[PDB]
Structure formats: C-alpha cells, structure tokens
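Enquirer: One structure, pasted below without further comment.
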Amino acid sequence: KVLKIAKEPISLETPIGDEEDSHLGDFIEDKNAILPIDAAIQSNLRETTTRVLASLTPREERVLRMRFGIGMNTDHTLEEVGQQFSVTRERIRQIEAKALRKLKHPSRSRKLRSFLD
Amino acid sequence: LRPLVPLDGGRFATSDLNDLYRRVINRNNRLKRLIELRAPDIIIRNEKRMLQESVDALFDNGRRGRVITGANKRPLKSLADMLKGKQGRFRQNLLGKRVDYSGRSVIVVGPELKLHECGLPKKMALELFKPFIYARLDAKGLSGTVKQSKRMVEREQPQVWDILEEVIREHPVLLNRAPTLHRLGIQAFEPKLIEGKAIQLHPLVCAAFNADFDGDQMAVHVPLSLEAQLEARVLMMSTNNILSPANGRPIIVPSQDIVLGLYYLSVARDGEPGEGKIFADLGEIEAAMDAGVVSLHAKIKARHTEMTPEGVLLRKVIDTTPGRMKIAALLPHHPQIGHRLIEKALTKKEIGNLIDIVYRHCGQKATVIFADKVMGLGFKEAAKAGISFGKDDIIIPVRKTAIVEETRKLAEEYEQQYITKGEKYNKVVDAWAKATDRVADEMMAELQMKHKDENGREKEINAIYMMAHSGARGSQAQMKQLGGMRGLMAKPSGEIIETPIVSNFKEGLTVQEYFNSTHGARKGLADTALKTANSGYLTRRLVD
Amino acid sequence: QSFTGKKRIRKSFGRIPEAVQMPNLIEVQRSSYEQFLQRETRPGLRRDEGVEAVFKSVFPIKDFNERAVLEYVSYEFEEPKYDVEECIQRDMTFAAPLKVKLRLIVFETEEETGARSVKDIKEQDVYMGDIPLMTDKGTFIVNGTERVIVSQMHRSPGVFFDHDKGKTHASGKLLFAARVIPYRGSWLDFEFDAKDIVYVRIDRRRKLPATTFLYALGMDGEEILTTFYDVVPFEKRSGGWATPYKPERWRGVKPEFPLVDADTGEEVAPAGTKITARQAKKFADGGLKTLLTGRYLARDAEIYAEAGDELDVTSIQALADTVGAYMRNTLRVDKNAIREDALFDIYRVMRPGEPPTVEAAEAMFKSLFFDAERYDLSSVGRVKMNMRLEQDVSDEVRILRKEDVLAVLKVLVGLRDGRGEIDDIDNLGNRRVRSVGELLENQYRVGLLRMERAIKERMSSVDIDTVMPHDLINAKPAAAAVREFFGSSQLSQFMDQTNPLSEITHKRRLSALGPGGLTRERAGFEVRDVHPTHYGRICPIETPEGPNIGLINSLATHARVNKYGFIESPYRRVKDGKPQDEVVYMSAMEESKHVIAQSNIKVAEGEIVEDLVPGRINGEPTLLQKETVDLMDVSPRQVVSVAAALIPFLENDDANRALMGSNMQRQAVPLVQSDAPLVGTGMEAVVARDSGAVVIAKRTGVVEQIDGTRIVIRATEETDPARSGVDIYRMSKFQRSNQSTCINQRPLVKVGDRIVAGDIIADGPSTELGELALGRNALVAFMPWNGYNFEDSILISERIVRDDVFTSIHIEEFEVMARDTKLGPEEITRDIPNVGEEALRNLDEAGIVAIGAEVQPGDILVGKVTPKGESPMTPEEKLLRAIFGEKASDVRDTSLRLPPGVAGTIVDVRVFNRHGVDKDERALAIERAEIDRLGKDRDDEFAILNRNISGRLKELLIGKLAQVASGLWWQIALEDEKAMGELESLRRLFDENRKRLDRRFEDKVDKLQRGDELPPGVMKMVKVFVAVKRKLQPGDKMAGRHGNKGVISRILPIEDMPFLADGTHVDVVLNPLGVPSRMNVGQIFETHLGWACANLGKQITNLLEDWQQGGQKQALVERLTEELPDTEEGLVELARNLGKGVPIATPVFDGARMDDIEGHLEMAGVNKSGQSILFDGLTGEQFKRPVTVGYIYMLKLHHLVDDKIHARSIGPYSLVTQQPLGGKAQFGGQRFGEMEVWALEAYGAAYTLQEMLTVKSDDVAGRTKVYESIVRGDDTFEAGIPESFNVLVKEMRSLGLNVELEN
Amino acid sequence: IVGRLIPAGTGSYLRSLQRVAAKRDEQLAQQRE
Amino acid sequence: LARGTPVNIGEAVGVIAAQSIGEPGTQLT
Amino acid sequence: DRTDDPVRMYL
Ligand SMILES: [Mg+2]
C-alpha cells in the first residue's frame, strides 16, 4: 500500500496530441454527473410507482409511500410510519408485506419486470 | 471546477489551478508563521514578495516569470490563462460547446435523395434519436417503460427500425461540416434512414457546404425542442439556402457532374442523325432516341411551351434542340423564363444564372424542384454520355514543338552578347512568360474545333474541353498546365524561373522541371494551409 | 529476380538507370544508432561521436573539496533481457542494460604527496540503465504500440548572416543580423540598426554594443581596429606639399585635394577612373603625390597621444608627435571603455536582478561562451563555421574562440555591402538533420549532467576512502531521460505502422518540429517552402497537408545523413564529357560549388552527346554545356521519397495533387489477398524488401516446410560446420499494428524451393510476391455514373466487396484493468449482477471472452467487478427492490464492453496476472493453453532441428548397409576415430544449441509463471485482441494511387455496373472531373497502363488455359516482357500470377511516355485510343463516347467510415465544464464552436443556439429536463444558466472581479 | 456566452414578443392603478 | 442575400456579412 | 534594471 499512493498527480491541462490542443482536462469523464438517461428512468420510476400505488388502498398507499417517501424525502421507519396511521405495531408491517406481495403479479408488476434489470 | 478525479491507473489528474492554489496557500501559511515567529524584516518582506508572485501567477501567470509546476515542465495555466486560449470561455467553455445529440460520419453522394433530404446511417440514427425513439415507443405503446425501451434500442431490435423511420419523417437534422465559412455550413435536412454508415449528402448542397466527397466528416446535429426542430425546417433547410449569403448567386448550382451533363445535353452540332425532324411532345424526343433515329447532339426540332408573355402561352413549334428540351421541360412555366435561357451552351456560369433567374422570377419551391430534377437529369445524361478522361482527351497542340523551338532559339540570339537581368527578363517574360499563352491558345483553338468524320458527322467533343468550357472542373490555366506549356514555376522569394520548362502533364516531365513545379506548388499549398489561418482570424474578428 | 520477380516479372520502363543502388530505406536511423551504440569490443568502442563521447565527457568528475575523481574506462553493452517478439506482447521497454566501468582514486593526498594508501583504483561498475536498442527494422519499442523516433531538422550549429528583407528597418535598409547558433548554449546576434552600428544582441534579450563583447574577449580598444584600418603615408609641414604616399585607392573618387606628382604632376581634377594614374604611379617607383583633414584617425596612437580619435584640427602639437565604417562607429557609441565595464554590462544583460561583480561578471561570460561544459558547440558547428568564414583547424575546440568572433564581425561588415553572399537560414545544407541517435545522445548527455551534479553533491558527504563501489552514482535521471524521450517526446509521439511503406516513410521522416526546433506555429511561410538544395536529399511532394506542411517532409529515397548531420544525396560524378562511375554523396553545403546535371539525359555509349544537358550549378536550374560537368544525378527518383517513389507516372501528376497521393501511399491499410499493382513502380520491390514485417532469407539453403506460422530453411549450399545450422523464420501472425490494423505474413516460398540469401521469403502486411502492395488493382471506369461520383467520391461495385478484395482486419486489441481500488480489491469474475444472460455468452469461467468468439458491438468483453460503498438510496429504487425481493448490489458494473462497431470476432485475449497471486482462480485455462502451445512449438522446433541434424550427419557419414543400422547416428560402430570424433563434436555442439534453446524456453515459462510485468496498481490486466472484417461499406475513404481520393459511393451490385466489351463489369467507377481540376492526368495514364497490363494478363491466362507451358506462350511473354527466360519450370507459376495483369515497374521520372503506353496498348490488344467501349449497367446502352476502363491501383486508406462514424445523444460529460466529451473516445459529441455557432447566429435559428449551447450540452439541471421532456413526448425545454457560464463566473469570481448577476 | 436566447432571428422575434408582452402588462397594471 | 425577398427584422446582418467576407478566404492572395 | 523575478531580488 505504500507504493501506488498517487506519487504525482498529472496536470489536467497537459497536451494530449502532437500540439497543445485538446488537453487531458477536456477528455476526463464524469463519474458523478447524472446522465440524462439515468434521470429518465428516475422520472419514469416516479411515474411507474405512482401508477402501481394508485391501485392499492388509499390509506395503505399513503402509509406505503410514507415508509419510503415519494414526495417527502424523510424516509420513516416501520414504527414512524405506523404512528401516522394507526397504533404503531406489527399491523403496519403486516400491511406493508401484504402490499409488497400484492404488486408482484404479471398484471400489476408488468412494466417493472424489465425495470429492475 | 479544478477537479482531482482519480484517473485510470491510480494516478490522480489534478487541474492546473489546484497547484497554483496550493502554492498560494503554502506562501500564505509561511507568511503567517513568519509574522507570528517575528522573522527578520528582510525575510517577512521577502515572504510577502513570494506570496505576491504566487498570487500573480495564480491569476495570469504570464506577466510573471512563468512559474512551472513541480512535476511537469509545461507552463501552468491560471484563471487568466484559461480565459485567453481556446480551452476557456473563448472556445472550449462557452462558444465552442461540445454539444451532445450529434454525430460525425464520412459523407457520400446522395443523388437518389431529394435536395431537402440527407442520408443518415441507421447505426447513427438510433444513437442520435434515442430520446425521440423512446418517446415514439412510449406513445405507440410498444415499450412499457423507459428502461425497457433503452433495453430495446440497445440491442437494435427489428421492431425499433420501423419506429426510427417513423420518428425521422419531418425532423430536420443540422448537417455541420468541419470548416464553416458562412451560414450555409449548417443546413438542416430531413434525414433518410439509408443503409451503410455514411451520411448520404445531396450533390447540389455539398457545394454550399464546401464539402466534397473526397473525405469530409459532416457533423450531424438533432434539434431537441419543438421550435428548434421547426426552426431547422423554416430557415436551416437546404431548400431555403439556395442563394448563398455572399451575393445574389444561387449556391445550389451544379458544381461538376450535373453541369457537365447539361453541357453535353446543350452542345448542338449541325451534323447528327435526325436533322430537323419535328417532334410532337417532349416524350417524342426520348421515344425517337430510344429507337436510334435521333441522337443527343441537340440538332432536332420539336414542340415546347416557352411561356414568355402574360398568362399561358401556346405550344409554339420552336427551332430548338432535343438536348436543350430535356432541360427546358424541367424549367417551371413562368414569363421571362423558358427555352430562351437554355439556348446557350449551358455552362456552369450559365446554369447558375438559370437557377438564379428561376429563383429571381419564380418561387423557391419551383426553384428547388427544378434543381432536384436537373441534378437527376444531368446525372442520367452524364453517365449515358461517356465523359471518361482518356489519352486522346487532352490533345497536345501539334503546333507546339515548332513554337517551342522558335522560342528557345529566340532566347539564345540576344544571349550571345550578354546587362544580364535584362536579357534574362527577355528570356523569361517575352520568351517563356510570353508564347506560353500562345501555345495554350493554339491548344485551345485545336481543341475547340469539332472534328467531322468521313460520314459528315462530327465524331465527338473532347471530354477535357467539355469540362473546361462548361466550368465543372476545367479552366484555361489548368488546361495550359495539363496539356499546354505548363507556364513557369515560382521561387521562394516570388521570382519566376528562367530555365526552359517545356512539358505538359500528359507528357513525361523530367526531374528538374517537376522539382520546380513542386517548388512553386508547395508555396500555394502552404498558403491553402497558412493563409487560411489568417482567413479564420479575419472571420473571427468580423463576426465579433 | 531473386525469388521475388521471377513469378512477378515487371516490364521496366526506365531508360538505363544503374548509377548507384539506393541505400537501405531504414538505414538512416540504423546508421544513426550504430554510431550511438557501437555494441562491440574495446577497439570498436573508439567513437568520437555517440553516447561514448558524451559519457566520457560528462562521467569523469573531480572534487575540489576532497580531491575525489570518478574516472571512466569503458562501458560494456549487454544483450536485451526481453526479445522484440516477446517485448511487443509484454508492453514493456525493449531495452538493454548499460554497464560502465568506474575507477575512484585517492592518490592525490596532502603533505605535498601525490600517492595515498588507496591511490590504486578500485575498478568499480554501476548499472547505468536500460536503453531502447534499435530493432532490426528500426522501431524502438518502448512499450506496446512501438513508436519509431522521427528525425529532426534543427538549425545546424555555426555562424549565420540573415540579411533582413526590409522588415523592421528604418525606411528600406537591410539589417544583416550575423547570428551564430550554437549546438548547445546561448545564441548570439550581431545584427545592425538604422544607425549603422553592430549590436551584440545575445539571445535576443538586449541590444548592447559589440564593443562590450570585444572587451569581454580582451581584444578591443587600440588593437581592435588593427585589422580594420592602418597608417596613412602622410608627412609634416615642409616646402610645398611633401608626402611619401603611394596612390593605390584614389580611383573612382573625386580629387578633393590636388595630389599631383612631384616633378610633373598627376591626379587631374576630373578623377574619372584613375586607370592611367595608378599605372603611372606603379611604374614611377611609387605614387609620390604633392597635395584629408576630416578623416578617421583612430589608428594605433601615451606620452604624446590620447584615447579616442576626434581632432577637428589641423594636426596640432605636430599631429601627436566608404567601405568600412562600422568599427569606428561602435567604439564611440559604447559607453564602456574598460573590460570590467563590458563584463558588468554582459552580466546585467544576462542576469539583471543579480548585482554584477568584477570577477563574477568575468566568470559569467567565460561559463557562457569560454566554457565547453555549457557552450557545447558540436563538431558539425565548428566545421560549418570553418566553411562559412575561413579559419584554422578547430575540429577539437567547441567553444567559439576569441579569434572566431573577430572573423565573424569582419565577414559581417564585409557582407553588409556586397563582398560575398549571405548565409541563407533556410538551406537544406544549412539545416542539418538530426535523427534518433543524436537526439538520444543529447538527452542522455543532459541526464548524465544531472547525474554528475547529483554525484558531486553526494560525494562531499560520503568519503572516498573505504567506500562501497558505485554507491553514490544514481540511476533514476539516467533512465528517466530516455523514458521521457520515449514516453512523451514530440519526436517519439507515434509510429505510423499501417503498412510497410508507412513504417519506412515514418522512419525516413525529417520533422522540423519538436524539442530543439521550431514548433508548428513557429514555422511560418519561410520554412514551409522547399529550397533548391532540397533536390535529391528531401522529397518536395510527400508532405503532410495539415498545419504541419513543409515541417515533416520525409527524406529522399537516395539521400543519406553524413556523420556531421547534413543530408548527403548521391551524385554520379562525371569527368569532362565522359561520365565516369565513381559516385559520392555530395552534401548540400558542398553542392553549391559543384555543377550538377540532371539524369534522364541521352548519354552515348561513352559520354553525353547532347552538349546542352540540363541541370543546376547551384540550386537555380540552367542549361549547362556538355563540358564543365562534374556531378550527375544517380537516378530520376532521387528527388522523390519512398512514399512518393511508388507513384507511377509521378512526372504526370501535379506538384500539389501528388502530395495528396504520396501522403495516402503511407495511409493505406494492409488488405487481405493484396497483390502488387499491374502498373506499379520498381521502387515497390525495394521498399517492401527494405521494410519491416517481411522475413528476408538470411541463408542460401532450400526451404524445408511451410505451415504459415513458421518457415524452416536449410543452412546453405556452403555452410560452416557449427556456425548457425538451420535458420527458421517464425512468421508473424495477425498481431495488432501500431495503427490498430492487421500485420500478417504469408509464406510465398513453396515447399522444396531453393532461395538465395537476401530475398524476401514471406510477404508482410499488404504485400504479394515480395513486392509492396498497398491495395488491390480494381477495374476502373473514369466516368460519372448516375451522379454517385459527382464530387471526388468514388463509386464502387459489389464485386470489389463480394470477392473480399478490399477488406482488412484492423485488430483493435482493447485493454482492461483490474486495479485494486480503495473500496476493496476489484474483481474480474464472471459477470456483474443485474446483467442479462445473453451478454454473458462467449465468456469462460475467468470472465473474459473465449478466444475466437464473435462479440457484437456493446457486448460484455471482460466482467470487471469493482467493490464500492453503498450507492445513494433512492426511495423508488428501494421500493422496487423490496417489491422484487432482490438486494441492492454493493458492486458497481464496470465490465469492459466493445464500443459501437463491427468488430465481432476475438483473435487473442492476453491476461497479465500480478506477480504476487497469479493464476490462483482466474486465467488458469488461458495460461495452461499458453504453456501447451509453447511446449508444442518448442517440440516442433526441436524435431525439425533433430531432422536437419540427422540429415547433415548422414550426408557427412555417407562420404566417410547404413539403412539396416539407423541407430549409428551417435556411434561409428567401427575402428574409425577421426570421423567419429568429428561427428561427436558436431553432435555435442548441436546438443549445446538445443540446450540453449531449452534454457531460453524455460526462462520464458518461468517468467510467465512468476507473473508478467504489471503496473503498481492493477494486479490482473486482460488485453483482448478483437479483430474486424471491415468490408467496403459506403463511407470508406478509398483513395487512388496518385492522389484522387474520395469516399466510396453506394455499393452498386455486380449487375448494375457498366459492362465492358468482354462482358466484365468494372469494380470502381471514378469521376473524370478530378483530372482537369487537379492536374493528375498521370492517373489517366496509369489507368491506361493498368488496362494494358490487365488485357495482357487476360491474354496470357487465356493462352495457358488451353496449353499449359506451351511453346508459344513463352514467345508471347518475351514479346510483352530480357531477364524473362528462366531455366526453371516456374513458367507455369509465372503465368498464374500474370493472369491478373503483367506488372510493370515504371520509374518515377523515367517511366513510359505517351508513345510507350500507346505501343503497349497496340501490342496488348487494347484500342489505340487508350479508352474502350463500355456498355451501361443500370439501363444498358453502348455509350456514345470512348470511356477509359483500366486497372487503377486503388487503396483502402485508414480514414474509414467505421473508425470515423460517431453518434452520441448523451455520453460521459467533462468535469471542469460539465460538457459532453469530445472525439469518438467515449460517446463524444461534435463540438459546436464559435465559428460553427455563427452559422446559426447569422441564421434566425436562435432557439437552437438557446438549446444547443444552453440546454443540450452545458446544463446539468437542464439537460436531464430536456431529455425527460423528449422522452415524455413534449418537445419543450428550459435552460437559464448553463454550466459553462457558471464555471466562467466562478473563475472570474476567483480573481478580484465582481461578476455577479442581478434583477 | 450567457446561454440565454440570442437577440437575432427567432430569438429576436421572441425578444420583440417579450417586449410587447411587458408593454401589455404595464398597460394592464395602469388600468388597475 | 438568402432569397429575393427583402431583409426581415431579426436577421444577424453583421454575422451574415462577416461570414460572407470570410468565405473568400482560404483562396485569397 | 527591472529584474521582474523574486529569486533574483532575494539574491
Ligand atoms: Mg471535399
């Protein structure tokens, strides 16, 4: 581990060809910039989830969304989402398991079978 | 902005500004430690000077001693060095943005396509119209989700090709040639999903692009917005870029092949089969040509509507030719135009004036349709004509050896007694610079004469003379250089060579004359590569 | 004729060129490195030029504080640790270690004694480093993708006098800047100004007077004007006008004073020419004239005289008891009259910040010019100075002598007004060419100077008495210099290895750019021209068309580089009238005084009978008579280069269009089944035999067997006993060239065919029968076919793509790494999760693609499993994962995939495991198959060796019933002892050879099992070699042989092409408009010659099909082809190769004229018009005009449509600007530049510019929005602030600016 | 450089439309004091 | 100069003129 | 005599 310790970071403005044009900084990729395709699957995963949740129970869909968070980013735990609906107990976990096993059929989970990859 | 992304190989790629900021931070920390340590007054002030130099180099780095990085030997760029060169807001950052949704492919002639339709490779249309293909698959219902669509087009399934031809129907794509010198360099075309992997470009439009098909990557762009997709149809279309912005001359004029075909169709000779054989309609000419009764030398009479006066004009039996009738039928019906324009030889200048008059008097739709027809007509009548270059095509003037001998003898009469500069100029200007157009003029005169066969009909016109007269690729200077005297080569300072250079490219040039030729031509070739830089600089100054 | 033309006899067209055989094409760099690396014994190490000289000049050092010397005895060169064939795969440095002898002595002791207890030397030895020994083909393999070092053309050292052309002048005067350019040091400028004064503009920094420079040397003041002026024969006051003057310079001057004779008189008032007055003065015992005042009296003149010459008087105090006016003006303008003042001025000019001192300034000038350590002017510089300005012998001295500056100033002041021509700074002989040898010598000298500085800094601490040998000498800067020279140097930037001609033209490439010369911008319109001395030494046609035109012009075919550095082109020396045979490579410097007459002149049986032979006495061509001729050109192709010499009818091509064709000869991919051109050039055989990738028979014996992978050859007809035995040539199979193209070799020799030594056995890439074949000859019709070839585009037939005639391989050989990232070691296992099983096909258990399995574009090539941290937990993705029950994969997909292309099949998949843990659980079967094939080839070589050894032993024993006793190969089984002893000695020597081979193979297998050389980070590297079969798809830049380039048009079927009279369809249909526009009519003549050759081939093959080896076929071959009649039975094989067209070797400037081509067409059954009737293919009609239908030699230039096509809607974006990357590297996008954005700006398309450079590329928050909108269906977008403007305002905010938005 | 719509061409017409819309909004604001 | 119709408001007249002046470049001198 | 160099000034 001593060797291979980034001995000398090469300058990002170094030339790449026979001339001083198109330096290395213009050829480095981006491992953090969200590509537009990956954002497309994000928006559609927001649309494809709102459609699958529209078939569930209204209160059940609300508690399932609160379990993860579609509009609200505050991902609540089982008990936290439990207090918002009824007595915080295994009933919330039971309804969550029932909903999860609900949209696993070829009818509801049809457009999502090719979504998880 | 100055990243430190880990490159492939465990070697970090730190930006140039990172080293400058590190140096500035080091100088600041050293100055803070010296001030708190109560260093000598000559070291603290020297520390302040070092910090000042570091901050100077961090901003511009040019006004100082060009501080180089500790690792590399290249001059480190700074906040000012970035904005100056192309790698900042000048070219790389703001103006010359590496726009996505684009494509670069070698271009090929697209004569089977319309003037407003450019060939697009199927392997490139998918990568260019990926979001549009996804939208068409989602609206059509073929793909359930975006991920499934991307999984569909990624493998290039057979069901997505039908959607690609449907999405690319009226969506123009910007064809961007490598060098652009005017607004016609970016022309939008209704793409056609052609086979192969090369942009099938229209022959008439590549002249405006400055793009020949000897290798010219035409960068294709795709407008995403509904207005940009529509903006490329109202203004960036090839049909709307007929007349070049330089002057009132159409840039969609046939350059090389269509002009040659029209010249071959318009050349009229008094000797040919079917002399004065009056025809009924335009189709009668082709029906008789397919029967071998009338040739294409344009010497037969027929009927055609010229449409000169107000309103419709009667089908007057004109004394025109059959070859000029095939082009005359392509002309739109409108006053001030008709067969009167095709009566000339129909060279490149005349054909450009014809596309200009058809646009100057008639509309753009009829002008573009006439350009599309004449390109197909010129192409069909040029391949069937047989315009191949041959050994007897470039005819050397028979009255050339005698004139060369007399010139070289006149170059020796005054040279016996000898001022040397005056005698040299008499032997290079009046001896070789003069009579080199005399030999070229004699060659042109012997090439213009239509040789008549024993049967009273002329054999044929020289293909090189046809190319020179029609204006496709020939010229008087090029004719003289190819078959004439070849002129006199240049010098590094600009002086004309005094030695005799009597040989054309059709004949065998010895080593010395060809070396002089490549000594005079490399100057012009460098001017094509060096003076073009001055042209780009002038264009950049003018647009700004 | 040497087993390469006997089956491909080419009817030559040259008149009679046999002046001098052209040297080896790669001989430039070969002979360069062979003076940089002697590689022989001690007597062979005596080389004043090369690495030895610089080493012996820099290695010996001394210590002024401890009296420690580090002597240099000699260096021993060792063989390379890795072979070229083994180094090309390892991707390492093909270098050999340098062992130098050291000798540290401490004899010089104190107490006035010259010998100490350790006075005796120790005879040390230090590992200097590994230097890239030049391969036999001149490649200089530093890593994978071997890069050859192009020669550089820098300003040769020596004094120069660049007379200004009016620029930077007062009104119109000249400058005459006398500048001496040293080989290594500081430049000097002695230019003038409008004031008519010489200023020593040292290194173009300041313009201090030359009097300061003269004072720095010591010869200035009352002794500098000694060579400039003298004493006048004047007298004092006396009766009348008494003066003992001699009239010798009064001619052409008005008689301002009555200098009449003493007795009678002379010097009349007219003073026209003084032609008679001078004669009378000379005949009258001197020109005693009885007569100015305001003249220059700065001659030698402390008791009665004073400093300076400004009297303005009438010779008071008893006078102190228009060609040259420069020295007197500089001495007065100079404010420094003391040498100390001049030294101070020089120190202030060089170092203005440092305070000048008395001894410090004198030491600075000495170290700058009087010091050979810094002002290292090469011997070529001293010889060039001695030639320009005449001086004594100074080959040993390098620094500019004090007398040299005086001669330079004198010649400058003489050339200011006539008196000799200036020295042009743009002369070939003035521009000495440097090669890889001299460049590596200079950079190794720099590295040795750095090492000497380090050793001097380190020796002061470590004592020399009882010190470990070579403990203070470092080795990092030694090898670091050569690594930088081969890693990122401008001269070692790339090696164009698309074909054997590209390697030769790249090796014979004199690039005027790079370190030590003018850059691409620095060139200008001057150096981008061709000087007259370039004739014969540097080709003027073959030059890159881009911005680097005139700077990378390749060397001529016959030109050679002298020991000094100047290009020496051969010239057949001729005496008065009779041209003798003695040849001498006359350099460009000595070519001016000699008169040269060009070749291609009608010479009689014993001399030239023209009497008006053409030529040039010095650059300028003229008409020189038969007499007064000493130098003659060797061959007409001496002016053209290697890449240009293969242009048939090159004299017919244009000077500019030939540059396009000569550049594409080196830019033609190697085609499978590529045959020699029917209308090729005789240079093709020489360029193919003197190039790389072609095995040449190093022996005379007959070939034994041929299996493609290798070719065994017998020893010779007369071989030594145990010198070498049999020599097997391992034929190089399909390996990726430096241009990502195929390099394949075919064993042209047949089983049981004797081959002499020195001939090409197996062809290389794009070669057939030994001759160079850049492409395949295709039937061409130069007619516009339906507009598909309207522009320079080239129509194409399906027969040229169906027959697999223009198809290359282009092995990509992608590389993948498995570097151990910080978040756990990266894995190369089977596949990353969340991947379909269709992409995992063709992958073994290791994870790499199976060797020989076709891989579509984008398929998984090597599964790279890279562990990382937990990705950003999104709510929708977490819900989907919980719904499907799967778990979030902690590893990120990083498996290498093929880019969009038609690559398909995989040739080789090399795996380089780490030395630590290799073959533990990955690439085990790969290494197993590798060792199995290695053992198989070793066993085959051992078997063939034993076979030939047994054959030789039987041949030796039969001369000294052997069939009944076959086991007597090692025992005589009789009373013989001498023969048995000789057989035992031969068998033991052959067993030693076999043991050496086995030792090499076991060393190779041990190196393979121990772990290949891997980078410090990555542990397992897989180099998958994917090979393509690119056909002639529409888009390929198929350029002609002469320069008529053009993209291939639509591939018409073999039915729609234009029909010929014989029914054959042309494979290509070019455009005839390219000839009149660009005067390349030789392409038409070349096509006519190719058509004649094709008709001759069809006639001969139609004559052999009816009667094989008929008695009349030889007569027709003799009539068409004299070196044709061969006693062998190869006539049945020669016709098989001639059936495709009898090849022709036409010289570059002595080929076939119009009459020759006409006669060839008449004798080959071709129409006399050159053209031929060509029926249409689309519709079908006899064209009413003669159409040219010939066999043009088309190419398959590397600028394909596959490697150039590109399409990326959204690819990886940058970091500094968040813009899409450029180029086809990783899904780049076509950059929309300022000049290309103006096209839409002038247009009304502002919405496009508001979305192409606002939301398309540089809007990370708008790009995703517009993509989601386009995917949803609505074509609406929004983009307020692009990332470009954001980074621009952040950079401007970084400085003291206040760039800030508002309202 | 700023990335906004160009004031020439279709961008020029959209700028004219924006100006006339701002004038209309000002006239409407003047109606309601 | 694009068509026979008069110039319309909004065209980059200066940019069009600059391009028309730069087009004769690369073949001057 | 403007050196325009910190090193030279320090020296
Ligand atoms: Mg072109």
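Starting from 1 in every chain, residues are counted up; chains themselves are A, B, ... following the order of the structure tokens, and ligands are numbered from 1 as listed.
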Around ligand 1, at most 9 Å away and counting only C-alpha atoms and all ligand atoms, which residues are there? Put them as a PyMOL selection string, please.
Expert: (chain B and resi 206+210-216) or (chain C and resi 791-793+1046)
Enquirer: Define the interface residues of chain D facing chain C as those within 8 Å, counting only C-alpha atoms, and report them as a compact mmCIF listing (two decimals) with N, CA and C atoms, in the first residue's frame.
Expert:
```txt
# COMPACT_ATOMS: atom_id res chain seq x y z
N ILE D 1 -22.74 33.39 -24.83
CA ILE D 1 -21.92 33.03 -23.68
C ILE D 1 -22.79 32.86 -22.44
N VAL D 2 -23.74 33.78 -22.23
CA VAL D 2 -24.61 33.70 -21.06
C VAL D 2 -25.55 32.51 -21.17
N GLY D 3 -25.84 32.06 -22.39
CA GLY D 3 -26.73 30.94 -22.60
C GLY D 3 -28.16 31.31 -22.90
N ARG D 4 -28.55 32.56 -22.68
CA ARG D 4 -29.91 33.00 -22.95
C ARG D 4 -30.17 33.00 -24.46
N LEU D 5 -31.41 33.31 -24.82
CA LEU D 5 -31.79 33.34 -26.23
C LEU D 5 -31.08 34.48 -26.95
N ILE D 6 -30.67 34.21 -28.19
CA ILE D 6 -29.96 35.22 -28.97
C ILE D 6 -30.92 36.34 -29.36
N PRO D 7 -30.48 37.60 -29.39
CA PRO D 7 -31.38 38.69 -29.79
C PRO D 7 -31.54 38.83 -31.30
N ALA D 8 -31.11 37.82 -32.06
CA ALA D 8 -31.19 37.84 -33.51
C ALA D 8 -31.92 36.61 -34.02
N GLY D 9 -32.78 36.81 -35.01
CA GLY D 9 -33.52 35.72 -35.62
C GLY D 9 -34.80 35.37 -34.90
N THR D 10 -35.05 34.07 -34.73
CA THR D 10 -36.18 33.63 -33.92
C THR D 10 -36.06 34.16 -32.49
N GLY D 11 -34.83 34.22 -31.97
CA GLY D 11 -34.62 34.86 -30.69
C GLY D 11 -34.97 36.33 -30.71
N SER D 12 -34.69 37.01 -31.83
CA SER D 12 -35.06 38.41 -31.96
C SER D 12 -36.58 38.57 -31.94
```
Enquirer: Give me, as a tab-separated table (two decimals) with N, CA and C atoms, in the first residue's frame, all polymer residues having an atom no more than 12 Å from residue F:10, counting only C-alpha atoms and skipping those fewer than 3 positions away in the same chain.
Expert:
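Saved to selection.tsv:
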```tsv
chain	number	residue	atom	x	y	z
B	42	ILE	N	13.80	41.40	6.53
B	42	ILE	CA	14.09	41.13	5.13
B	42	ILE	C	13.51	39.81	4.66
B	43	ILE	N	13.17	38.91	5.57
B	43	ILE	CA	12.56	37.64	5.19
B	43	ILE	C	11.04	37.75	5.14
B	44	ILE	N	10.44	38.50	6.05
B	44	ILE	CA	8.99	38.70	6.02
B	44	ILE	C	8.59	39.47	4.77
B	45	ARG	N	9.32	40.55	4.47
B	45	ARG	CA	9.05	41.28	3.23
B	45	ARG	C	9.35	40.42	2.01
B	46	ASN	N	10.39	39.59	2.10
B	46	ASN	CA	10.66	38.65	1.02
B	46	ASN	C	9.59	37.57	0.96
B	47	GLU	N	9.07	37.15	2.12
B	47	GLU	CA	7.95	36.22	2.13
B	47	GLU	C	6.71	36.85	1.51
B	48	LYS	N	6.46	38.13	1.81
B	48	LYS	CA	5.34	38.83	1.19
B	48	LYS	C	5.54	38.94	-0.32
B	49	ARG	N	6.78	39.16	-0.76
B	49	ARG	CA	7.06	39.22	-2.19
B	49	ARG	C	6.81	37.87	-2.86
B	50	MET	N	7.21	36.78	-2.20
B	50	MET	CA	6.96	35.45	-2.75
B	50	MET	C	5.46	35.16	-2.82
C	353	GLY	N	18.79	41.12	-12.40
C	353	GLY	CA	18.48	41.20	-10.98
C	353	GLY	C	19.70	41.03	-10.10
C	354	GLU	N	20.57	40.09	-10.44
C	354	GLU	CA	21.76	39.85	-9.64
C	354	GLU	C	22.72	41.03	-9.76
C	355	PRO	N	23.36	41.44	-8.67
C	355	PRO	CA	24.31	42.55	-8.74
C	355	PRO	C	25.61	42.11	-9.39
F	3	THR	N	14.27	43.59	-12.65
F	3	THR	CA	14.52	42.16	-12.78
F	3	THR	C	13.24	41.38	-13.05
F	4	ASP	N	12.14	41.75	-12.39
F	4	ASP	CA	10.87	41.05	-12.53
F	4	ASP	C	11.00	39.58	-12.14
F	5	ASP	N	11.70	39.33	-11.03
F	5	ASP	CA	11.95	37.98	-10.56
F	5	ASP	C	12.12	38.01	-9.05
F	6	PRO	N	11.38	37.19	-8.30
F	6	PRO	CA	11.56	37.19	-6.84
F	6	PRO	C	12.88	36.59	-6.41
F	7	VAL	N	13.30	35.52	-7.08
F	7	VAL	CA	14.56	34.85	-6.76
F	7	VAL	C	15.74	35.81	-6.89
```
Enquirer: Just want the 8 Å neighbourhood of residue B:77, counted on only C-alpha atoms, with same-chain residues fewer than 4 positions away dropped. Output as a list in words.
Expert: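 Non-adjacent residues within range: residues 13 of chain A; 16, 17, 60, 61, 81 and 82 of chain B.
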Enquirer: Using only C-alpha atoms, determine which residues lie at most 10 Å from residue C:675, disregarding the query and same-chain residues fewer than 3 positions distant; provide the list as a count of residues only.
Expert: 20
